[PDB]
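Pasting model_39.txt here (compact mmCIF, N, CA and C atoms):
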# COMPACT_ATOMS: atom_id res chain seq x y z
N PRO I 1 107.50 118.44 76.59
CA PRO I 1 106.69 117.55 77.45
C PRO I 1 106.98 117.82 78.92
N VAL I 2 106.32 117.08 79.81
CA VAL I 2 106.53 117.24 81.24
C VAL I 2 106.88 115.91 81.87
N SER I 3 107.54 115.95 83.02
CA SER I 3 107.95 114.74 83.69
C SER I 3 106.87 114.28 84.66
N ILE I 4 106.34 113.10 84.41
CA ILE I 4 105.25 112.56 85.20
C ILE I 4 105.65 111.23 85.83
N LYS I 5 105.19 110.99 87.05
CA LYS I 5 105.57 109.78 87.77
C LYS I 5 104.34 109.04 88.24
N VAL I 6 104.46 107.73 88.35
CA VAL I 6 103.38 106.89 88.84
C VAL I 6 103.87 106.06 90.02
N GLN I 7 103.41 106.41 91.21
CA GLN I 7 103.77 105.66 92.41
C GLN I 7 103.08 104.31 92.39
N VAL I 8 103.86 103.28 92.12
CA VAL I 8 103.36 101.93 92.09
C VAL I 8 103.16 101.42 93.52
N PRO I 9 102.00 100.82 93.81
CA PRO I 9 101.73 100.26 95.13
C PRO I 9 102.60 99.04 95.42
N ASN I 10 102.91 98.83 96.69
CA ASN I 10 103.71 97.68 97.11
C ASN I 10 102.86 96.42 97.11
N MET I 11 102.78 95.75 95.96
CA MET I 11 102.03 94.50 95.88
C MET I 11 102.83 93.47 95.10
N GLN I 12 103.83 92.92 95.77
CA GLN I 12 104.82 92.05 95.15
C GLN I 12 104.27 90.65 94.99
N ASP I 13 103.64 90.17 96.05
CA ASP I 13 103.05 88.85 96.07
C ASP I 13 101.55 88.98 96.30
N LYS I 14 101.13 90.22 96.55
CA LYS I 14 99.74 90.51 96.88
C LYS I 14 98.89 90.44 95.62
N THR I 15 99.57 90.30 94.49
CA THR I 15 98.93 90.24 93.19
C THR I 15 99.91 89.68 92.16
N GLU I 16 99.52 89.70 90.89
CA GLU I 16 100.31 89.10 89.83
C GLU I 16 100.99 90.17 88.98
N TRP I 17 100.77 91.43 89.33
CA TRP I 17 101.32 92.54 88.57
C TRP I 17 102.74 92.85 89.03
N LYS I 18 103.44 93.68 88.27
CA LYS I 18 104.82 94.03 88.56
C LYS I 18 104.91 95.12 89.64
N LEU I 19 103.93 95.16 90.52
CA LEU I 19 103.87 96.20 91.53
C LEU I 19 104.79 95.84 92.69
N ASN I 20 105.75 96.70 93.01
CA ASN I 20 106.69 96.40 94.09
C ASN I 20 106.94 97.64 94.94
N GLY I 21 106.06 98.63 94.80
CA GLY I 21 106.19 99.84 95.59
C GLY I 21 107.07 100.89 94.94
N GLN I 22 107.64 100.56 93.78
CA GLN I 22 108.53 101.48 93.09
C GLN I 22 107.75 102.62 92.44
N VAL I 23 108.48 103.51 91.79
CA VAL I 23 107.88 104.66 91.13
C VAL I 23 108.21 104.64 89.64
N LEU I 24 107.19 104.76 88.81
CA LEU I 24 107.40 104.83 87.37
C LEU I 24 107.62 106.28 86.97
N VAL I 25 108.47 106.50 85.98
CA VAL I 25 108.78 107.85 85.55
C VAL I 25 108.66 107.94 84.03
N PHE I 26 107.66 108.67 83.59
CA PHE I 26 107.40 108.84 82.17
C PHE I 26 107.45 110.32 81.83
N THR I 27 107.59 110.63 80.56
CA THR I 27 107.53 112.01 80.12
C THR I 27 106.52 112.16 78.99
N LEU I 28 105.51 112.97 79.22
CA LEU I 28 104.46 113.18 78.24
C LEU I 28 104.10 114.65 78.17
N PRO I 29 103.69 115.13 76.99
CA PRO I 29 103.22 116.50 76.83
C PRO I 29 101.95 116.75 77.61
N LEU I 30 101.79 117.98 78.07
CA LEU I 30 100.62 118.38 78.86
C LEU I 30 99.33 118.18 78.06
N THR I 31 99.48 117.99 76.76
CA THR I 31 98.35 117.84 75.87
C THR I 31 97.73 116.45 75.96
N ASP I 32 98.50 115.48 76.45
CA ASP I 32 97.97 114.13 76.63
C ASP I 32 97.04 114.08 77.84
N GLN I 33 96.58 112.89 78.17
CA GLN I 33 95.55 112.74 79.18
C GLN I 33 95.76 111.49 80.02
N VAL I 34 94.92 111.33 81.04
CA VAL I 34 94.99 110.19 81.95
C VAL I 34 94.82 108.88 81.19
N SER I 35 94.07 108.94 80.10
CA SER I 35 93.82 107.77 79.26
C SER I 35 95.13 107.09 78.85
N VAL I 36 96.17 107.89 78.66
CA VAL I 36 97.47 107.38 78.27
C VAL I 36 98.16 106.72 79.46
N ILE I 37 97.91 107.25 80.65
CA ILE I 37 98.52 106.72 81.86
C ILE I 37 97.91 105.37 82.23
N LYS I 38 96.59 105.31 82.27
CA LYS I 38 95.87 104.09 82.63
C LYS I 38 96.23 102.94 81.69
N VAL I 39 96.32 103.22 80.39
CA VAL I 39 96.62 102.18 79.42
C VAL I 39 98.08 101.71 79.55
N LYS I 40 99.00 102.65 79.75
CA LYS I 40 100.41 102.31 79.84
C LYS I 40 100.68 101.44 81.08
N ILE I 41 99.97 101.71 82.16
CA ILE I 41 100.10 100.90 83.37
C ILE I 41 99.51 99.51 83.15
N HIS I 42 98.37 99.47 82.48
CA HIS I 42 97.72 98.21 82.12
C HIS I 42 98.64 97.34 81.26
N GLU I 43 99.48 97.98 80.47
CA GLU I 43 100.42 97.26 79.61
C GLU I 43 101.65 96.83 80.40
N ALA I 44 102.07 97.68 81.32
CA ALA I 44 103.28 97.46 82.09
C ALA I 44 103.05 96.42 83.19
N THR I 45 101.99 96.59 83.96
CA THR I 45 101.72 95.70 85.08
C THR I 45 100.74 94.61 84.66
N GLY I 46 99.69 95.02 83.97
CA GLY I 46 98.67 94.09 83.53
C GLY I 46 97.29 94.53 83.97
N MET I 47 97.24 95.39 84.99
CA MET I 47 95.98 95.80 85.59
C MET I 47 95.26 96.84 84.73
N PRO I 48 94.06 96.51 84.26
CA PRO I 48 93.23 97.45 83.50
C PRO I 48 92.74 98.61 84.37
N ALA I 49 92.39 99.71 83.72
CA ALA I 49 91.91 100.90 84.41
C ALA I 49 90.59 100.63 85.13
N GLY I 50 90.00 99.47 84.86
CA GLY I 50 88.75 99.07 85.48
C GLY I 50 88.84 99.02 86.99
N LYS I 51 90.03 98.79 87.51
CA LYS I 51 90.24 98.70 88.95
C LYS I 51 91.46 99.51 89.36
N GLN I 52 92.16 100.03 88.38
CA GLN I 52 93.37 100.78 88.62
C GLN I 52 93.05 102.27 88.68
N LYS I 53 93.26 102.86 89.85
CA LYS I 53 93.00 104.27 90.05
C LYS I 53 94.29 105.06 90.10
N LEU I 54 94.27 106.22 89.49
CA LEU I 54 95.44 107.08 89.45
C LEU I 54 95.14 108.36 90.21
N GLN I 55 95.88 108.58 91.28
CA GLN I 55 95.63 109.72 92.15
C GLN I 55 96.72 110.78 92.01
N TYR I 56 96.34 111.92 91.47
CA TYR I 56 97.27 113.02 91.29
C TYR I 56 97.03 114.06 92.35
N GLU I 57 98.02 114.22 93.21
CA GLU I 57 97.97 115.17 94.30
C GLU I 57 96.76 114.93 95.20
N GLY I 58 96.34 113.68 95.27
CA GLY I 58 95.23 113.32 96.14
C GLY I 58 93.91 113.26 95.40
N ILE I 59 93.96 113.35 94.08
CA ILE I 59 92.75 113.37 93.28
C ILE I 59 92.70 112.14 92.39
N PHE I 60 91.68 111.31 92.58
CA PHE I 60 91.48 110.17 91.70
C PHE I 60 91.08 110.64 90.32
N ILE I 61 92.08 110.77 89.46
CA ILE I 61 91.86 111.24 88.10
C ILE I 61 91.25 110.13 87.24
N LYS I 62 90.51 110.53 86.22
CA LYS I 62 89.82 109.58 85.38
C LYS I 62 90.23 109.74 83.92
N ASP I 63 89.87 108.75 83.10
CA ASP I 63 90.22 108.71 81.68
C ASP I 63 89.68 109.94 80.94
N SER I 64 88.59 110.48 81.46
CA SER I 64 87.90 111.60 80.82
C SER I 64 88.67 112.92 81.03
N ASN I 65 89.66 112.89 81.91
CA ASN I 65 90.43 114.09 82.20
C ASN I 65 91.80 114.00 81.56
N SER I 66 92.52 115.09 81.58
CA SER I 66 93.79 115.16 80.91
C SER I 66 94.85 115.71 81.83
N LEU I 67 96.08 115.72 81.36
CA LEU I 67 97.18 116.23 82.14
C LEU I 67 97.05 117.74 82.29
N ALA I 68 96.70 118.40 81.20
CA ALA I 68 96.45 119.84 81.20
C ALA I 68 95.29 120.20 82.13
N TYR I 69 94.29 119.32 82.19
CA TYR I 69 93.12 119.52 83.05
C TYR I 69 93.55 119.69 84.50
N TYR I 70 94.50 118.88 84.94
CA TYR I 70 94.99 118.94 86.31
C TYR I 70 96.23 119.81 86.42
N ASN I 71 96.67 120.37 85.30
CA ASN I 71 97.88 121.19 85.24
C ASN I 71 99.10 120.39 85.70
N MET I 72 99.23 119.17 85.18
CA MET I 72 100.38 118.34 85.48
C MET I 72 101.64 118.90 84.83
N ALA I 73 102.31 119.80 85.54
CA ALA I 73 103.57 120.36 85.07
C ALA I 73 104.70 119.36 85.29
N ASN I 74 105.93 119.80 85.04
CA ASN I 74 107.09 118.92 85.23
C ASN I 74 107.21 118.54 86.69
N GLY I 75 107.06 117.26 86.96
CA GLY I 75 107.15 116.77 88.32
C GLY I 75 105.79 116.41 88.88
N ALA I 76 104.91 115.87 88.03
CA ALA I 76 103.59 115.45 88.50
C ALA I 76 103.68 114.07 89.12
N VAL I 77 103.41 113.99 90.41
CA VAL I 77 103.49 112.73 91.12
C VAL I 77 102.12 112.08 91.22
N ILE I 78 101.89 111.06 90.42
CA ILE I 78 100.64 110.32 90.48
C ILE I 78 100.82 109.12 91.39
N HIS I 79 99.74 108.72 92.03
CA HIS I 79 99.77 107.60 92.95
C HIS I 79 98.86 106.52 92.42
N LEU I 80 99.44 105.39 92.07
CA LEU I 80 98.65 104.27 91.60
C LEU I 80 98.14 103.47 92.79
N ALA I 81 96.87 103.13 92.76
CA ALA I 81 96.25 102.38 93.84
C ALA I 81 95.09 101.56 93.31
N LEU I 82 94.86 100.42 93.93
CA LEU I 82 93.76 99.57 93.52
C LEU I 82 92.45 100.14 94.05
N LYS I 83 91.48 100.28 93.16
CA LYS I 83 90.20 100.88 93.47
C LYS I 83 89.49 100.17 94.62
N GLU I 84 89.37 98.86 94.51
CA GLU I 84 88.63 98.08 95.48
C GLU I 84 89.24 96.69 95.61
N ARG I 85 89.86 96.42 96.76
CA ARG I 85 90.49 95.13 96.98
C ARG I 85 89.47 94.12 97.47
N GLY I 86 88.99 93.32 96.54
CA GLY I 86 88.03 92.30 96.84
C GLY I 86 87.49 91.70 95.57

Please, can you express the file's structure as structure tokens?
Amino acid sequence: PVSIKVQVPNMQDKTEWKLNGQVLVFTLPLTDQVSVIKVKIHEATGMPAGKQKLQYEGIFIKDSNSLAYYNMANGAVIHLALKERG
């Protein structure tokens, strides 16, 4: 598998999720996909992929794409961010 990270946004009181600006660190095979990331975050923080965007190297990746699609090798830094604050 490969080492993948999710940069959690600093939203400690700005929302009800466990977002505090920290970084999540998971390990998944390149064969998996963003679908696994969005769901795991939704389970961890609470925020569904409906508003939760995952940005890999500056690219808002979607459920339809995979880790292999973006070539997420060991050390893939994803950036979690809210799609639309409102």

Find the residue from I:84, I:2, I:17, I:10 that sits nearest to residue I:43; use only C-alpha atoms when measuring.
-> I:17

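Atom to atom, atom C of residue I:81 and atom N of residue I:65 stand 17.0 Å apart.
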
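Residue nearest residue I:6 within the list I:85, I:44, I:72, I:78: I:78 [criterion: smallest interatomic distance, only N, CA and C atoms].
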
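Closest approach to residue I:12 among I:45, I:52, I:67, I:77: I:45, based on only C-alpha atoms.
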
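Distance-wise, atom N of residue I:18 and atom C of residue I:48 end up 12.4 Å apart.
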
Centre and edge lengths, as lines of an AutoDock Vina configuration file, for the axis-aligned box enclosing every listed atom of stretch 58-69 of chain I with 4 Å of padding on each of the six sides, in Å to one decimal?
center_x = 92.5
center_y = 114.5
center_z = 88.5
size_x = 17.3
size_y = 19.5
size_z = 23.3

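Per DSSP on the backbone, alpha helix (DSSP H) in stretch 13-75 of chain I comprises residues 34, 35, 36, 37, 38, 39, 40, 41, 42, 43 and 44 of chain I.
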
Writing out the chosen residues with N, CA and C atoms as a PDB file, keeping the file's coordinate frame:
ATOM      1  N   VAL I  34      94.920 111.330  81.040  1.00  0.00           N
ATOM      2  CA  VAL I  34      94.990 110.190  81.950  1.00  0.00           C
ATOM      3  C   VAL I  34      94.820 108.880  81.190  1.00  0.00           C
ATOM      4  N   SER I  35      94.070 108.940  80.100  1.00  0.00           N
ATOM      5  CA  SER I  35      93.820 107.770  79.260  1.00  0.00           C
ATOM      6  C   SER I  35      95.130 107.090  78.850  1.00  0.00           C
ATOM      7  N   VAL I  36      96.170 107.890  78.660  1.00  0.00           N
ATOM      8  CA  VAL I  36      97.470 107.380  78.270  1.00  0.00           C
ATOM      9  C   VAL I  36      98.160 106.720  79.460  1.00  0.00           C
ATOM     10  N   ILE I  37      97.910 107.250  80.650  1.00  0.00           N
ATOM     11  CA  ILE I  37      98.520 106.720  81.860  1.00  0.00           C
ATOM     12  C   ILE I  37      97.910 105.370  82.230  1.00  0.00           C
ATOM     13  N   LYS I  38      96.590 105.310  82.270  1.00  0.00           N
ATOM     14  CA  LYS I  38      95.870 104.090  82.630  1.00  0.00           C
ATOM     15  C   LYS I  38      96.230 102.940  81.690  1.00  0.00           C
ATOM     16  N   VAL I  39      96.320 103.220  80.390  1.00  0.00           N
ATOM     17  CA  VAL I  39      96.620 102.180  79.420  1.00  0.00           C
ATOM     18  C   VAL I  39      98.080 101.710  79.550  1.00  0.00           C
ATOM     19  N   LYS I  40      99.000 102.650  79.750  1.00  0.00           N
ATOM     20  CA  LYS I  40     100.410 102.310  79.840  1.00  0.00           C
ATOM     21  C   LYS I  40     100.680 101.440  81.080  1.00  0.00           C
ATOM     22  N   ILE I  41      99.970 101.710  82.160  1.00  0.00           N
ATOM     23  CA  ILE I  41     100.100 100.900  83.370  1.00  0.00           C
ATOM     24  C   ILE I  41      99.510  99.510  83.150  1.00  0.00           C
ATOM     25  N   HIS I  42      98.370  99.470  82.480  1.00  0.00           N
ATOM     26  CA  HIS I  42      97.720  98.210  82.120  1.00  0.00           C
ATOM     27  C   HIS I  42      98.640  97.340  81.260  1.00  0.00           C
ATOM     28  N   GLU I  43      99.480  97.980  80.470  1.00  0.00           N
ATOM     29  CA  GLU I  43     100.420  97.260  79.610  1.00  0.00           C
ATOM     30  C   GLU I  43     101.650  96.830  80.400  1.00  0.00           C
ATOM     31  N   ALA I  44     102.070  97.680  81.320  1.00  0.00           N
ATOM     32  CA  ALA I  44     103.280  97.460  82.090  1.00  0.00           C
ATOM     33  C   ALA I  44     103.050  96.420  83.190  1.00  0.00           C
TER      34      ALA I  44
END

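One distance worth recording is that between atom CA of residue I:60 and atom N of residue I:80, which is 9.3 Å.
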
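Among the candidates I:22, I:13, I:8, I:1, the one nearest to residue I:79 when counting only N, CA and C atoms is I:8.
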
Long-range neighbours of residue I:66 as a CSV table (one decimal) with N, CA and C atoms, in the frame of the given file, 5 Å cut-off, all atoms listed in the file, 4 positions minimum in chain:
chain,number,residue,atom,x,y,z
I,32,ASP,N,98.5,115.5,76.4
I,32,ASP,CA,98.0,114.1,76.6
I,32,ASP,C,97.0,114.1,77.8
I,33,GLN,N,96.6,112.9,78.2
I,33,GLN,CA,95.6,112.7,79.2
I,33,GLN,C,95.8,111.5,80.0
I,34,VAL,N,94.9,111.3,81.0
I,34,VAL,CA,95.0,110.2,82.0
I,34,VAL,C,94.8,108.9,81.2
I,70,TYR,N,94.5,118.9,84.9
I,70,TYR,CA,95.0,118.9,86.3
I,70,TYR,C,96.2,119.8,86.4

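When DSSP is run on the backbone, the residues of chain I that fall into strand (DSSP E) are residues 2, 3, 4, 5, 6, 7, 23, 24, 25, 26, 27, 28, 52, 53, 54, 55, 56, 59, 60, 61, 76, 77, 78, 79, 80, 81 and 82 of chain I.
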
Exercise: residue I:4 partners within 7 Å, all atoms listed in the file, chain neighbours under 5 positions left out, as a PyMOL selection string | chain I and resi 24-28+73-78
